[PDB]
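Heads up, what comes next is one protein chain in two forms, each shown on its own as structure tokens, labelled structure 1 and structure 2.
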Structure 1
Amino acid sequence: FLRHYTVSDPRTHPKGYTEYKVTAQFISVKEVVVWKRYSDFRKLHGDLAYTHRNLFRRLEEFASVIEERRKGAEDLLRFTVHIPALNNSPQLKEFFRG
């Protein structure tokens, strides 16, 4: 009961792409870990933006660049913690497979 995210420990995969460790922690510690490539965060972001765009349009009807990537993903994730519209998002909850 108090969410905290980190994105860390990038690691190359045998298939070539870099993978990140996404850590979700809950403290009054329960932690959930998944591995994600930057393209996953891109899809997530896109799904959030389109979900809220359409919510809106429905209401109104009636090579250290990967550090930049790691930080971007992490920031984006942190952004949702204290916005219940984003925090409670289904897309967010599916994002954590394992």
Structure 2
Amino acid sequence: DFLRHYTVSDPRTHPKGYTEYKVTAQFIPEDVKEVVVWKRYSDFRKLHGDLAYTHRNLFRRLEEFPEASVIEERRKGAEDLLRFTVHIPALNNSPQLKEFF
């Protein structure tokens, strides 16, 4: 099953216009099997939306007794988004995260 790590880096400009981000999903001992894809911020928005709806899902019972440096911030944002899904079973085993890769 390994352990999951994530790194979003290396922003490249596509000939069509939009910038692309390199997404690295590391499966780690100290030897790692890596899975690399390329995504744009729109896909990150979609994933964020799906996860955010998946997230904040709790409580169903009671108790009772009786200078285009914005791509850097986008990079770090997507990175935080991916890293936030590590220690939550609902997000880590989410089908949207698996279809994402």
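When a residue number appears, read it as a position in the sequence of structure 1, where counting begins at 1. Whichever C-alpha set is largest while still superposing within 1.5 Å between the two forms counts as the rigid core. Only residues modelled in both forms are compared.
Taking 2 Å as the criterion, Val34 does not count as shifted between structure 1 and structure 2: its C-alpha moves by less than this amount when the rigid core is aligned. Once both forms are fitted on their core, the CA shift for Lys71 between structure 1 and structure 2 remains under 2 Å.
For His52, the Cα coordinates differ by 2 angstroms or more between structure 1 and structure 2 after the core has been superposed. Shown is the Cα shift of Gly16 between structure 1 and structure 2 after rigid core superposition, which amounts to 0.3 Å. In sequence order, there is one run of three or more residues whose C-alphas all shift by 2 angstroms or more between structure 1 and structure 2, with the rigid core superposed, and it is 49-62.
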